[PDB]
Amino acid sequence: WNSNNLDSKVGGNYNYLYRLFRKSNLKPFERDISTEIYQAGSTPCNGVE
Amino acid sequence: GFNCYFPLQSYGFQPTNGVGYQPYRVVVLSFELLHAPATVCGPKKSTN
Amino acid sequence: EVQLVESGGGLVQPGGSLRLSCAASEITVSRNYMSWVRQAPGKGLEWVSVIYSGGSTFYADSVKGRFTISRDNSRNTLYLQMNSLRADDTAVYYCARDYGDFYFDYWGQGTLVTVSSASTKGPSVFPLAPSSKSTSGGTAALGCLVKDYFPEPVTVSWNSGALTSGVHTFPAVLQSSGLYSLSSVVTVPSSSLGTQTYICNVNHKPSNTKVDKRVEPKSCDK
Amino acid sequence: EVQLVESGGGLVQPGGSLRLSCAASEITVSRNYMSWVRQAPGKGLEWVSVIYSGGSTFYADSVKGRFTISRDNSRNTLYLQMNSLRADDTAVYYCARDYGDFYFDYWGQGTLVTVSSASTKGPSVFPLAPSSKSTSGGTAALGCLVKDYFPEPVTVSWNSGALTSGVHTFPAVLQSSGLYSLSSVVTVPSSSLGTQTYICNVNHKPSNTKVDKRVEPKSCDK
Amino acid sequence: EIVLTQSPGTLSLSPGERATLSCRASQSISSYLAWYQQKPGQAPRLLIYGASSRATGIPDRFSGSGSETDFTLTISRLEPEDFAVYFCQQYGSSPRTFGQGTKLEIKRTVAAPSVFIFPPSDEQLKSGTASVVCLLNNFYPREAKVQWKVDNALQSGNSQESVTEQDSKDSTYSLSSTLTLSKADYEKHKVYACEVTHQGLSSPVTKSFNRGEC
Amino acid sequence: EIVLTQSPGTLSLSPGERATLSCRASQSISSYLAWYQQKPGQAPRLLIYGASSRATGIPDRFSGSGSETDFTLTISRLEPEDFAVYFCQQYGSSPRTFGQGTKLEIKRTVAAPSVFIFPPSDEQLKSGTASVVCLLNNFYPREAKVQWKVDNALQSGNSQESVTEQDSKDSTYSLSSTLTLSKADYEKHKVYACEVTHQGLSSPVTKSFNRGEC
């Protein structure tokens with residue numbers, strides 16, 4: 001159901017987040033909450049964005 | 001002669017030859033199961 | 001910096017097949033979103049397809065049952081395969097990495113693809129000798145003519161690209177015969193015209209035909 | 001007596017297909033073991049495949065599911081199709097018959113097979129003017145240059161092969177430019193140098209280009 | 001799908017000023033739009049995302065804005081290289097798409113062309129076809145005027161023109177036209193002239209030659 | 001896969017003597033090799049059945065020898081018709097393979113080259129690339145060494161060379177070599193020379209010319 005009147009803000013509600021990168025798809029009902037920095041090339045991230 | 005070949009060819013075997021080309025004895029066993037009386041059965045089974 | 005080497009492109013007849021591809025200089029194709037977009041003159045630009053980092057696929061309805069995308073990890077090379085084109089698909093296709101909400105961040109230079117039952121044809125090049133009059137000054141213009149080929153485009157170079165300034169080239173134009181035609185011109189200082197002779201190097205890649213022609217003042221008072 | 005006559009072969013870009021054929025003069029093909037082998041220069045022969053008299057076939061491991069073989073008993077002709085032609089396979093291929101365990105007894109004239117992304121290019125001819133030292137004696141050595149062509153080979157001839165004497169043609173060479181070249185020399189008496197008319201014919205089959213250049217005494221002081 | 005609209009269809013501003021570009025869509029995007037730049041013969045480059053998130057490699061002169069299907073981009077202190085076509089990209093649904101595009105042009109000053117003629121070469125006649133080209137290079141604006149005159153007659157229907165692209169460093173155009181002839185018509189006709197009018201010229205200029213000049 | 005090795009690399013001998021062609025395989029077999037002949041540019045011809053059985057179309061001078069892993073080919077009373085290359089193939093099983101080849105040369109007597117150097121043609125110089133041509137004729141040994149010298153500076157590494165097979169009539173050879181450079185580089189130096197070293201000469205012979213000599 002719709003949540004506008006309950007989750008929208010004029011200044012912008014920025015609390016809701018979604019995962020975007022991963023080497024493989026999640027299996028059914030499998031939960032990933034990892035926050036490790038995603039490395040796109042050969043350069044290591046070392047936890048720095 | 002030319003373009004006239006014997007259908008068969010001989011083998012040649014010497015003790016010095018390698019294992020791959022050494023002669024081998026081959027036996028093939030096949031089993032038949034028809035709507036017919038059984039003639040081949042297993043070995044003896046007995047208890048005192 | 002970040003570079004993507006492209007490959008493929010060329011002529012195919014209708015009802016055929018072709019495999020296109022592009023590679024990564026430094027970036028991990030396996031670990032980021034990859035997509036094709038096809039750009040055609042006079043018709044605009046369009047979005048084609050994409051592979052998500054999880055390997056999932058997703059297309060545009062215009063090429064379903066006719067296009068397919070994949071990715072080979074063994075050579076870090078993105079690939080692309082074609083079934084039964086249409087004349088409308090005539091366009092230049094590009095490889096580019098996007099991230100997340102689809103900023104198309106880095107791009108390759110693009111590679112044209114042409115569909116027609118017409119067969120390939122090699123180009124013919126006609127050089128142009130500069131006039132004696134144009135030597136009266138600081139600089140003079142030297143050029144050549146390439147025509148009667150199929151299909152577009154034709155890459156040109158002068159002195160194997162050693163020069164950088166003064167090079168002007170013209171876009172190709174359709175012949176009523178169905179072939180194309182184009183031209184080029186390079187600007188150089190006046191002193192070496194009677195000393196240095198400049199040679200143009202021509203590439204018709206879709207036919208993989210190269211022609212090299214010179215440009216010399218000779219004598220035009222005649 | 002028994003002869004094998006083949007045809008076909010040639011050059012197609014990588015990823016192409018090619019079918020070959022060969023016919024036999026007297027041996028029926030139907031009741032005989034027939035095989036295919038190829039020769040790459042400086043690398044030698046190589047097995048490809050063969051057909052047994054029972055109609056069965058077998059091939060090398062490197063070409064399994066890729067190289068095909070067939071026959072037409074009605075015409076005493078051997079048929080071979082090749083698909084997915086790759087790099088460095090450019091070579092001459094032969095048809096061959098055995099007796100006993102693959103004794104290739106009779107051989108055809110061999111057929112060239114070529115693969116490269118490059119296209120066909122006709123040759124260029126530059127004559128050499130003889131020197132005064134070269135004419136010292138009853139006869140003189142005259143020649144000309146042939147270069148910037150692809151693919152090999154090229155035929156050099158006079159009067160369509162009538163002379164066959166006093167001619168030295170040197171082996172071909174592949175250039176780093178991707179084209180081929182060669183050279184040829186002919187010997188003529190030093191007196192006829194000014195009277196007999198010299199014409200050289202250059203024939204390049206894959207370009208179907210026939211080149212004719214005169215050979216004249218000219219001079220070095222000019 | 002959702003369609004986007006771009007205005008103006010053409011925008012031309014002089015250097016040092018401030019250019020403005022606005023985009024409109026049938027259904028809202030909620031400030032997810034993006035701008036890309038593509039010079040001719042070059043790959044497109046990312047500029048700015050959403051309302052105001054500029055790209056990393058872009059200077060501060062670039063700035064966009066908008067919300068609710070109406071979105072605007074403004075660029076200050078225009079510089080010569082900034083000539084290109086520009087593109088807005090959609091975010092509202094799958095599939096994606098992006099608009100027709102906008103071309104921006106610079107105006108600096110008007111300058112006359114250089115006019116040259118080039119006769120058909122020997123290989124052309126050997127092929128059985130001859131052609132004549134007249135070249136007009138390094139002029140401003142694009143709209144140059146040229147005519148062909150054959151034996152004092154106006155042969156307006158047997159010629160084809162060709163256009164270059166704007167040189168960024170100089171901000172001038174160039175034009176080529178080709179007169180195409182048959183061998184018999186080439187040999188029968190002797191005097192060939194071209195008439196050119198241009199704003200950077202004080203007066204119209206005419207160039208001509210005779211076939212007998214070889 | 002079983003690999004063969006033909007030995008020696010080349011065979012150089014006079015006619016009328018005996019020939020000896022040795023071959024080795026990776027894995028030991030029993031009488032499962034053969035011989036194949038080829039005069040260059042022709043159809044390869046089958047020589048010897050098994051290790052020692054000779055084909056009917058082949059004279060008696062040939063003889064083959066084989067072992068578990070060493071195998072040698074012998075021909076006596078060498079004749080001109082015999083000048084060719086020689087190959088080994090396995091009629092055993094693996095599936096079948098072959099060898100690397102060996103060339104037979106018929107020797108009469110040593111002959112020095114005929115050396116003549118020819119300047120580039122006008123067409124070459126017009127095209128912006130210049131080349132120098134040196135020609136060696138009717139020489140034996142084939143091991144004739146040719147080198148280029150420009151302004152007395154060695155530049156033998158700017159060439160690609162090929163040498164013809166044996167001349168049946170004269171028992172000699174001819175070589176083709178080309179020294180090619182750009183027009184500016186060709187103009188950089190003044191004199192061009194070529195050095196030829198051969199056994200039939202008491203010393204290497206050099207021919208030269210000046211660029212200004214046209």
# chains A, B, ... in the order shown; residues from 1 in each chain; ligands from 1
>>> closest_atom_pairs(of="chain B", to="chain D", cutoff="10 Å", atoms="only C-alpha atoms", output="tab-separated table")
residue	atom	partner	partner_atom	distance
B:3	CA	D:27	CA	8.3
B:5	CA	D:99	CA	8.2
B:8	CA	D:100	CA	9.7
B:9	CA	D:100	CA	7.7
>>> write_last_selection(atoms="C-alpha atoms", output="compact mmCIF listing (two decimals), in the first residue's frame")
# COMPACT_ATOMS: atom_id res chain seq x y z
CA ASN B 3 44.62 -51.70 -56.81
CA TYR B 5 44.48 -55.85 -52.25
CA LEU B 8 43.16 -59.39 -44.79
CA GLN B 9 46.39 -58.05 -43.30
>>> calpha_fit_rmsd(fixed="chain F", moving="chain E")
2.1 Å
>>> residues_around(residues="range 17-32 of chain B", least_positions_apart="4", cutoff="7 Å", atoms="only C-alpha atoms", output="list in words")
residues 13 of chain B; 28, 29 and 30 of chain F
>>> atom_distance(atom1="CA of residue 16 in chain A", atom2="CA of residue 36 in chain A")
18.2 Å
>>> closest_residue(among="C:7, C:203, C:191, C:28", to="residue 134 in chain C", atoms="only C-alpha atoms")
C:191
>>> interface_residues(of="chain C", to="chain D", cutoff="10 Å", atoms="only C-alpha atoms", output="JSON, numbers by chain")
{"C": [18, 19, 122, 205, 206, 207, 208, 209, 210, 211]}
>>> write_last_selection(atoms="N, CA and C atoms", output="compact mmCIF listing (two decimals), in the first residue's frame")
# COMPACT_ATOMS: atom_id res chain seq x y z
N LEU C 18 26.08 -11.90 -36.51
CA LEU C 18 27.34 -11.23 -36.20
C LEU C 18 27.47 -11.09 -34.71
N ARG C 19 28.71 -11.17 -34.27
CA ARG C 19 29.07 -11.09 -32.87
C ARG C 19 29.94 -9.87 -32.70
N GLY C 122 35.92 -1.99 -52.51
CA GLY C 122 37.11 -1.27 -52.13
C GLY C 122 37.09 0.16 -52.63
N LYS C 205 38.15 0.34 -43.37
CA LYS C 205 38.16 -0.82 -42.47
C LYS C 205 37.08 -1.86 -42.78
N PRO C 206 35.81 -1.50 -43.04
CA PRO C 206 34.80 -2.55 -43.27
C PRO C 206 35.14 -3.46 -44.43
N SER C 207 35.83 -2.94 -45.44
CA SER C 207 36.44 -3.78 -46.47
C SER C 207 37.89 -4.10 -46.16
N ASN C 208 38.46 -3.51 -45.11
CA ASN C 208 39.86 -3.70 -44.74
C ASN C 208 40.79 -3.43 -45.92
N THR C 209 40.55 -2.30 -46.59
CA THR C 209 41.35 -1.88 -47.73
C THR C 209 42.07 -0.58 -47.39
N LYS C 210 43.38 -0.55 -47.64
CA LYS C 210 44.21 0.62 -47.39
C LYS C 210 44.82 1.10 -48.70
N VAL C 211 44.80 2.42 -48.90
CA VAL C 211 45.40 3.04 -50.07
C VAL C 211 46.23 4.23 -49.61
>>> select_by_dssp(residues="chain A", states="helix (DSSP H, G or I)", output="ChimeraX atom specification")
/A:4-7
>>> write_last_selection(atoms="N, CA, C and O atoms", output="mmCIF file, in the first residue's frame")
data_model
loop_
_atom_site.group_PDB
_atom_site.id
_atom_site.type_symbol
_atom_site.label_atom_id
_atom_site.label_comp_id
_atom_site.auth_asym_id
_atom_site.auth_seq_id
_atom_site.Cartn_x
_atom_site.Cartn_y
_atom_site.Cartn_z
ATOM 1 N N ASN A 4 2.928 7.657 1.066
ATOM 2 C CA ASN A 4 3.371 9.033 0.844
ATOM 3 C C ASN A 4 3.102 9.920 2.029
ATOM 4 O O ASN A 4 3.985 10.650 2.491
ATOM 5 N N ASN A 5 1.858 9.928 2.480
ATOM 6 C CA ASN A 5 1.479 10.815 3.554
ATOM 7 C C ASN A 5 2.222 10.477 4.834
ATOM 8 O O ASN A 5 2.208 11.279 5.771
ATOM 9 N N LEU A 6 2.918 9.336 4.863
ATOM 10 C CA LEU A 6 3.584 8.855 6.060
ATOM 11 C C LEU A 6 5.105 8.800 5.966
ATOM 12 O O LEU A 6 5.760 8.747 7.010
ATOM 13 N N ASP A 7 5.689 8.814 4.762
ATOM 14 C CA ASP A 7 7.138 8.697 4.637
ATOM 15 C C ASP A 7 7.790 9.762 3.765
ATOM 16 O O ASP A 7 9.013 9.721 3.587
#
>>> residues_around(residues="residue 157 in chain F", least_positions_apart="3", cutoff="10 Å", atoms="only C-alpha atoms", output="ChimeraX atom specification")
/F:147-148,154,160,179
>>> write_last_selection(atoms="N, CA, C and O atoms", output="mmCIF file, in the first residue's frame")
data_model
loop_
_atom_site.group_PDB
_atom_site.id
_atom_site.type_symbol
_atom_site.label_atom_id
_atom_site.label_comp_id
_atom_site.auth_asym_id
_atom_site.auth_seq_id
_atom_site.Cartn_x
_atom_site.Cartn_y
_atom_site.Cartn_z
ATOM 1 N N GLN F 147 75.131 -8.118 -46.657
ATOM 2 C CA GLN F 147 74.974 -7.045 -45.683
ATOM 3 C C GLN F 147 74.943 -5.701 -46.394
ATOM 4 O O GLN F 147 75.578 -5.516 -47.433
ATOM 5 N N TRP F 148 74.213 -4.756 -45.805
ATOM 6 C CA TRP F 148 74.056 -3.411 -46.342
ATOM 7 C C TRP F 148 74.907 -2.427 -45.551
ATOM 8 O O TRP F 148 75.023 -2.539 -44.326
ATOM 9 N N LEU F 154 77.053 0.161 -40.982
ATOM 10 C CA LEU F 154 76.318 -1.078 -41.205
ATOM 11 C C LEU F 154 74.841 -0.886 -40.888
ATOM 12 O O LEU F 154 74.486 -0.382 -39.818
ATOM 13 N N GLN F 160 64.395 -7.717 -45.473
ATOM 14 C CA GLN F 160 63.766 -9.031 -45.422
ATOM 15 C C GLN F 160 64.138 -9.773 -46.696
ATOM 16 O O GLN F 160 63.960 -9.242 -47.798
ATOM 17 N N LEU F 179 66.849 -3.067 -49.176
ATOM 18 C CA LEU F 179 67.063 -2.103 -48.104
ATOM 19 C C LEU F 179 66.152 -0.906 -48.348
ATOM 20 O O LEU F 179 66.316 -0.195 -49.343
#
>>> atom_distance(atom1="CA of residue 190 in chain D", atom2="CA of residue 171 in chain F")
24.2 Å
>>> atom_distance(atom1="CA of residue 169 in chain E", atom2="CA of residue 168 in chain C")
12.7 Å
>>> calpha_fit_and_write(fixed="chain C", moving="chain D", output="tab-separated table (two decimals) with C-alpha atoms, in the first residue's frame")
chain	number	residue	atom	x	y	z
D	1	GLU	CA	41.39	3.54	-14.17
D	2	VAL	CA	38.23	1.66	-15.11
D	3	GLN	CA	38.06	1.20	-18.88
D	4	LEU	CA	35.83	-0.74	-21.28
D	5	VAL	CA	37.45	-2.18	-24.40
D	6	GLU	CA	35.22	-3.56	-27.16
D	7	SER	CA	35.73	-5.06	-30.62
D	8	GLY	CA	33.72	-6.66	-33.40
D	9	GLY	CA	30.82	-5.09	-35.24
D	10	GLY	CA	30.96	-4.41	-38.94
D	11	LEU	CA	28.99	-5.04	-42.12
D	12	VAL	CA	26.99	-8.14	-43.10
D	13	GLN	CA	24.20	-8.47	-45.65
D	14	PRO	CA	20.58	-8.30	-44.43
D	15	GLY	CA	19.47	-11.47	-42.68
D	16	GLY	CA	22.94	-12.13	-41.28
D	17	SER	CA	24.23	-12.64	-37.76
D	18	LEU	CA	26.84	-10.85	-35.67
D	19	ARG	CA	28.37	-11.33	-32.22
D	20	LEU	CA	30.07	-8.55	-30.25
D	21	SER	CA	32.24	-8.46	-27.16
D	22	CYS	CA	33.76	-5.99	-24.72
D	23	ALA	CA	36.17	-6.30	-21.80
D	24	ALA	CA	36.63	-4.10	-18.74
D	25	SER	CA	39.94	-2.85	-17.38
D	26	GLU	CA	39.22	-2.71	-13.64
D	27	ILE	CA	35.49	-3.19	-13.01
D	28	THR	CA	34.88	-6.93	-12.74
D	29	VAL	CA	31.65	-6.91	-14.84
D	30	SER	CA	30.37	-9.71	-12.59
D	31	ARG	CA	29.16	-7.38	-9.81
D	32	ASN	CA	27.90	-4.57	-12.06
D	33	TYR	CA	24.98	-3.54	-14.24
D	34	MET	CA	26.04	-3.60	-17.89
D	35	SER	CA	24.12	-2.29	-20.87
D	36	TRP	CA	24.22	-1.91	-24.65
D	37	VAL	CA	23.16	1.15	-26.64
D	38	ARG	CA	23.59	2.16	-30.26
D	39	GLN	CA	23.88	5.49	-32.07
D	40	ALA	CA	22.65	6.19	-35.59
D	41	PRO	CA	23.72	9.51	-37.14
D	42	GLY	CA	21.20	12.33	-37.23
D	43	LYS	CA	18.88	10.07	-35.24
D	44	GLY	CA	20.70	9.82	-31.91
D	45	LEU	CA	21.21	7.21	-29.24
D	46	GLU	CA	18.85	4.31	-28.55
D	47	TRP	CA	18.33	1.81	-25.77
D	48	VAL	CA	19.05	-1.79	-26.67
D	49	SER	CA	19.34	-3.84	-23.49
D	50	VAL	CA	21.11	-4.26	-20.17
D	51	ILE	CA	22.03	-6.94	-17.63
D	52	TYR	CA	21.26	-6.72	-13.92
D	53	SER	CA	23.69	-7.80	-11.21
D	54	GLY	CA	21.46	-10.76	-10.41
D	55	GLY	CA	22.01	-12.10	-13.92
D	56	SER	CA	18.56	-11.14	-15.17
D	57	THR	CA	18.10	-9.43	-18.53
D	58	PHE	CA	15.64	-7.25	-20.41
D	59	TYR	CA	15.45	-5.74	-23.88
D	60	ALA	CA	13.51	-3.24	-25.92
D	61	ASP	CA	10.17	-4.32	-27.36
D	62	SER	CA	11.32	-3.99	-30.98
D	63	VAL	CA	14.06	-6.61	-30.53
D	64	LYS	CA	12.45	-9.16	-28.19
D	65	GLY	CA	13.51	-12.70	-28.99
D	66	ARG	CA	16.03	-11.27	-31.46
D	67	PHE	CA	18.86	-9.61	-29.53
D	68	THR	CA	20.86	-11.65	-27.01
D	69	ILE	CA	23.16	-10.82	-24.10
D	70	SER	CA	25.64	-12.89	-22.10
D	71	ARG	CA	28.60	-12.56	-19.75
D	72	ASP	CA	31.84	-14.34	-18.83
D	73	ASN	CA	32.60	-13.51	-15.19
D	74	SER	CA	35.91	-15.36	-15.44
D	75	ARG	CA	37.32	-12.74	-17.83
D	76	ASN	CA	35.43	-9.52	-16.95
D	77	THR	CA	34.14	-9.47	-20.53
D	78	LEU	CA	30.69	-8.75	-21.93
D	79	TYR	CA	29.25	-10.82	-24.78
D	80	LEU	CA	26.48	-9.81	-27.17
D	81	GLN	CA	25.13	-11.74	-30.16
D	82	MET	CA	22.84	-10.26	-32.82
D	83	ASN	CA	20.82	-12.22	-35.36
D	84	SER	CA	18.28	-11.13	-37.98
D	85	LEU	CA	20.03	-7.81	-38.50
D	86	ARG	CA	17.71	-5.62	-40.57
D	87	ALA	CA	17.80	-2.36	-42.51
D	88	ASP	CA	18.61	1.08	-41.03
D	89	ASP	CA	20.15	-0.55	-37.94
D	90	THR	CA	23.66	0.27	-39.18
D	91	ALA	CA	25.21	2.27	-36.36
D	92	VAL	CA	27.83	2.49	-33.62
D	93	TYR	CA	27.04	0.46	-30.49
D	94	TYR	CA	28.42	1.05	-26.99
D	95	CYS	CA	28.95	-0.83	-23.73
D	96	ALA	CA	28.03	0.98	-20.52
D	97	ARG	CA	27.83	0.59	-16.72
D	98	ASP	CA	25.47	2.17	-14.23
D	99	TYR	CA	25.10	3.11	-10.62
D	100	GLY	CA	21.67	3.76	-9.25
D	101	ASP	CA	18.87	3.52	-11.80
D	102	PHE	CA	20.82	3.16	-15.05
D	103	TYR	CA	23.25	6.07	-14.88
D	104	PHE	CA	25.58	5.20	-17.74
D	105	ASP	CA	28.80	6.36	-16.07
D	106	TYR	CA	31.76	4.79	-17.90
D	107	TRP	CA	31.79	4.21	-21.64
D	108	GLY	CA	33.84	2.27	-24.15
D	109	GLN	CA	35.21	3.53	-27.44
D	110	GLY	CA	32.12	2.43	-29.40
D	111	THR	CA	31.80	-0.16	-32.18
D	112	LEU	CA	30.36	0.39	-35.64
D	113	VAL	CA	27.71	-2.01	-36.90
D	114	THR	CA	26.72	-2.04	-40.56
D	115	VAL	CA	24.03	-3.77	-42.63
D	116	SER	CA	23.48	-3.52	-46.40
D	117	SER	CA	23.18	-5.85	-49.37
D	118	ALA	CA	26.07	-3.98	-51.01
D	119	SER	CA	29.61	-5.31	-50.63
D	120	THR	CA	32.96	-3.66	-49.89
D	121	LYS	CA	34.68	-1.36	-52.39
D	122	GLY	CA	38.04	0.37	-52.07
D	123	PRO	CA	38.44	4.11	-52.61
D	124	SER	CA	39.70	6.07	-55.61
D	125	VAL	CA	42.10	9.02	-55.40
D	126	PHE	CA	42.30	12.08	-57.67
D	127	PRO	CA	44.94	14.70	-56.75
D	128	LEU	CA	44.34	18.43	-57.09
D	129	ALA	CA	47.11	20.55	-58.58
D	130	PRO	CA	47.49	23.81	-56.61
D	131	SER	CA	46.77	27.13	-58.29
D	132	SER	CA	49.04	30.16	-58.38
D	133	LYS	CA	46.57	32.05	-56.18
D	134	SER	CA	46.62	29.29	-53.55
D	135	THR	CA	50.41	29.60	-53.13
D	136	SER	CA	50.20	33.37	-52.54
D	137	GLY	CA	51.88	33.74	-49.16
D	138	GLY	CA	54.27	31.83	-46.97
D	139	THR	CA	52.18	28.64	-47.14
D	140	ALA	CA	49.95	26.96	-49.71
D	141	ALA	CA	46.84	24.79	-49.44
D	142	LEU	CA	47.05	21.46	-51.29
D	143	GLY	CA	44.57	18.59	-51.30
D	144	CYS	CA	43.18	15.58	-53.15
D	145	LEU	CA	39.89	13.79	-53.78
D	146	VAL	CA	38.71	10.43	-52.42
D	147	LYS	CA	35.50	8.88	-53.75
D	148	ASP	CA	33.73	5.71	-54.90
D	149	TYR	CA	34.25	3.58	-51.79
D	150	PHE	CA	32.10	1.55	-49.42
D	151	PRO	CA	31.65	1.07	-46.54
D	152	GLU	CA	32.81	4.06	-44.51
D	153	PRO	CA	35.05	5.14	-42.85
D	154	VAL	CA	38.42	5.71	-44.57
D	155	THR	CA	41.68	6.82	-42.97
D	156	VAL	CA	43.88	9.50	-44.57
D	157	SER	CA	47.41	9.81	-43.23
D	158	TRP	CA	50.96	11.03	-43.85
D	159	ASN	CA	53.97	9.13	-42.44
D	160	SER	CA	51.48	6.98	-40.48
D	161	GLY	CA	50.21	9.86	-38.36
D	162	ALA	CA	53.45	11.70	-37.55
D	163	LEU	CA	52.44	15.21	-38.64
D	164	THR	CA	48.97	15.88	-37.10
D	165	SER	CA	49.37	19.56	-38.07
D	166	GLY	CA	48.12	21.66	-40.97
D	167	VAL	CA	45.69	18.97	-42.15
D	168	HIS	CA	41.99	19.51	-42.88
D	169	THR	CA	40.00	16.39	-43.76
D	170	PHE	CA	36.34	16.91	-44.50
D	171	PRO	CA	33.47	14.76	-43.21
D	172	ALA	CA	32.43	11.77	-45.28
D	173	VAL	CA	29.43	11.79	-47.62
D	174	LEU	CA	27.15	8.99	-48.83
D	175	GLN	CA	26.33	9.20	-52.54
D	176	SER	CA	23.15	8.28	-54.36
D	177	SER	CA	25.40	5.79	-56.17
D	178	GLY	CA	25.58	3.77	-52.95
D	179	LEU	CA	29.25	4.57	-52.34
D	180	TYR	CA	30.91	7.04	-49.99
D	181	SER	CA	33.39	9.87	-50.49
D	182	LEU	CA	35.44	12.44	-48.57
D	183	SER	CA	38.19	15.03	-49.05
D	184	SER	CA	41.33	16.25	-47.30
D	185	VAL	CA	43.65	19.27	-47.48
D	186	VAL	CA	47.16	19.88	-46.11
D	187	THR	CA	49.05	23.16	-45.65
D	188	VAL	CA	52.74	23.48	-46.54
D	189	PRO	CA	55.11	26.44	-46.97
D	190	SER	CA	55.11	27.86	-50.50
D	191	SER	CA	58.88	27.35	-50.79
D	192	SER	CA	59.05	23.62	-49.98
D	193	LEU	CA	56.48	23.11	-52.76
D	194	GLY	CA	59.26	22.12	-55.15
D	195	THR	CA	61.60	20.18	-52.85
D	196	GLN	CA	59.84	18.23	-50.09
D	197	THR	CA	58.39	14.95	-51.33
D	198	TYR	CA	54.62	14.71	-50.81
D	199	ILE	CA	52.97	11.34	-50.17
D	200	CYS	CA	49.38	10.80	-49.01
D	201	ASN	CA	48.17	7.50	-47.54
D	202	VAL	CA	44.54	6.41	-47.94
D	203	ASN	CA	43.40	3.56	-45.68
D	204	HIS	CA	40.02	1.83	-45.98
D	205	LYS	CA	39.62	-0.84	-43.30
D	206	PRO	CA	36.68	-3.00	-44.56
D	207	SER	CA	38.44	-3.29	-47.98
D	208	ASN	CA	41.79	-3.58	-46.25
D	209	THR	CA	43.03	-1.37	-49.09
D	210	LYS	CA	45.88	1.08	-48.54
D	211	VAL	CA	46.29	3.79	-51.18
D	212	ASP	CA	49.30	6.05	-51.71
D	213	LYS	CA	49.23	9.03	-54.08
D	214	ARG	CA	51.84	11.72	-54.64
D	215	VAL	CA	51.01	15.42	-54.56
D	216	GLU	CA	53.03	17.46	-57.04
D	217	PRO	CA	52.89	21.11	-58.15
D	218	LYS	CA	52.26	20.30	-61.83
D	219	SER	CA	50.58	23.14	-63.74
D	220	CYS	CA	47.31	24.40	-65.18
D	221	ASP	CA	48.85	25.29	-68.57
D	222	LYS	CA	49.57	21.80	-69.86
>>> select_by_dssp(residues="range 69-170 of chain E", states="strand (DSSP E or B)", output="PyMOL selection string")
chain E and resi 70-75+84-89+98+102-106+114-118+129-139+145-150+153-154+159-163
>>> residues_around(residues="residue 19 in chain F", least_positions_apart="3", cutoff="9 Å", atoms="only C-alpha atoms", output="PyMOL selection string")
chain F and resi 11+13+62+73-78+104
>>> write_last_selection(atoms="C-alpha atoms", output="mmCIF file, in the first residue's frame")
data_model
loop_
_atom_site.group_PDB
_atom_site.id
_atom_site.type_symbol
_atom_site.label_atom_id
_atom_site.label_comp_id
_atom_site.auth_asym_id
_atom_site.auth_seq_id
_atom_site.Cartn_x
_atom_site.Cartn_y
_atom_site.Cartn_z
ATOM 1 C CA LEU F 11 71.773 -32.385 -45.810
ATOM 2 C CA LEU F 13 76.422 -33.702 -50.205
ATOM 3 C CA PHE F 62 66.679 -46.150 -51.266
ATOM 4 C CA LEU F 73 66.797 -43.473 -43.917
ATOM 5 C CA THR F 74 69.571 -44.444 -46.329
ATOM 6 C CA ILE F 75 69.913 -43.767 -50.062
ATOM 7 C CA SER F 76 72.944 -44.627 -52.184
ATOM 8 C CA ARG F 77 74.414 -43.316 -55.451
ATOM 9 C CA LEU F 78 72.866 -39.873 -55.165
ATOM 10 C CA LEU F 104 68.813 -32.813 -49.419
#
>>> residues_around(residues="range 185-194 of chain F", least_positions_apart="4", cutoff="6 Å", atoms="only C-alpha atoms", output="JSON, numbers by chain")
{"F": [147, 148, 149, 150, 151, 181, 206, 207, 208, 209, 210, 211]}
